[PDB]
Amino acid sequence: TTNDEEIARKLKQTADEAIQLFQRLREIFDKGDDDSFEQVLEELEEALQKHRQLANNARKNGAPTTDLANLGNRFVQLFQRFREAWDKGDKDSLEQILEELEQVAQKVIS
Ligand SMILES: [Cl-]
Ligand SMILES: [Cl-]
Ligand SMILES: [Cl-]
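Take the sequence shown: its position 25, counting from 1, is numbered 25 in the deposited numbering, and each next residue is one higher.
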């Protein structure tokens, strides 16, 4: 098809990467180790940047966007706080911010 579907397909793919990766980060946090955790942490942020960049391109070409959410803004702003909490070592934040994140995700996917 057009390059506008390729963008629609990649928005959808990157959202699925983030959804997948957030589920795994979530449970490493109930388990695992800074090793895997920090690794999944960066994967999730890599997916979300791709998604964001794809979104800019769809907006440029005015592509007909079907956006499953926008707790998307909610999710991204909460994920930025989570990273600041992690990087600050602030562990009590981490648990609160991780719950809010799981709540947004489930609101979108269901
Ligand atoms: Cl989507
Ligand atoms: Cl908070
Ligand atoms: Cl919410």
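Quick reminder that beta carbons are idealized off the backbone N, C-alpha and C, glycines included.
**Request:** Spatial neighbours of residue 14 within its chain, please: CB distance less than 7 Å, with the 5 preceding and 5 following residues excluded, ordered by chain position.
**Result:** Position 14 of the sequence shown, counted from the start, is the residue given in the question as residue 14. Excluding positions up to five away in sequence, the list reads 47, 50, 51, 54.
**Asked** With distances taken between CB atoms, is the gap from residue 25 to residue 11 smaller than 8 Å?
**Response** As a working note, residue 25 is residue 25 in the sequence shown. As a working note, residue 11 is residue 11 in the sequence shown. No, these two residues do not count as a Cβ contact at 8 Å.
**Item:** Chain-order list of residues whose beta-carbon lies under 7 Å from that of residue 69 (same chain, five-residue window excluded)
**Value:** Position 69 of the sequence shown, counted from the start, is the residue given in the question as residue 69. Excluding positions up to five away in sequence, the list reads 108.
**Prompt:** Is the beta carbon of residue 31 within less than 7 Å of some heavy atom of ligand 1?
**Reply:** Indexing the sequence shown from 1 puts residue 31 at position 31. Residue 31: no, Cβ never under 7 Å from ligand 1.
**Request:** Tell me whether residue 93 sits in a helix, a strand or coil according to DSSP, three-state version.
**Result:** On the sequence shown, residue 93 is found 93 positions in, with the first residue counted as 1. Here residue 93 sits in helix by DSSP.
**Message:** Going by beta-carbon coordinates alone, are residue 75 and residue 97 separated by less than 8 Å?
**Reply:** The residue you call residue 75 lines up with position 75 of the sequence shown. The residue you call residue 97 lines up with position 97 of the sequence shown. No, Cβ-Cβ distance for residue 75 and residue 97 is not below 8 Å.
**Message:** Quick check: does the Cβ of residue 80 come within less than 7 Å of any heavy atom belonging to ligand 3?
**Reply:** One-based indexing of the sequence shown puts residue 80 at position 80. No, Cβ of residue 80 sits at least 7 Å from all heavy atoms of ligand 3.
**Contact under 8 Å by Cβ, residue 22 with residue 105** = By one-based count along the sequence shown, residue 22 stands at place 22. By one-based count along the sequence shown, residue 105 stands at place 105. In this structure, residue 105 lies closer than 8 Å to residue 22 by Cβ.
**Request:** Determine the direct distance from the alpha carbon of residue 79 to that of residue 42, and round the result to whole angstroms.
**Result:** Walking along the sequence shown from the start, residue 42 turns up at place 42. Walking along the sequence shown from the start, residue 79 turns up at place 79. For residue 42 and residue 79, the distance between alpha carbons rounds to 12 Å.
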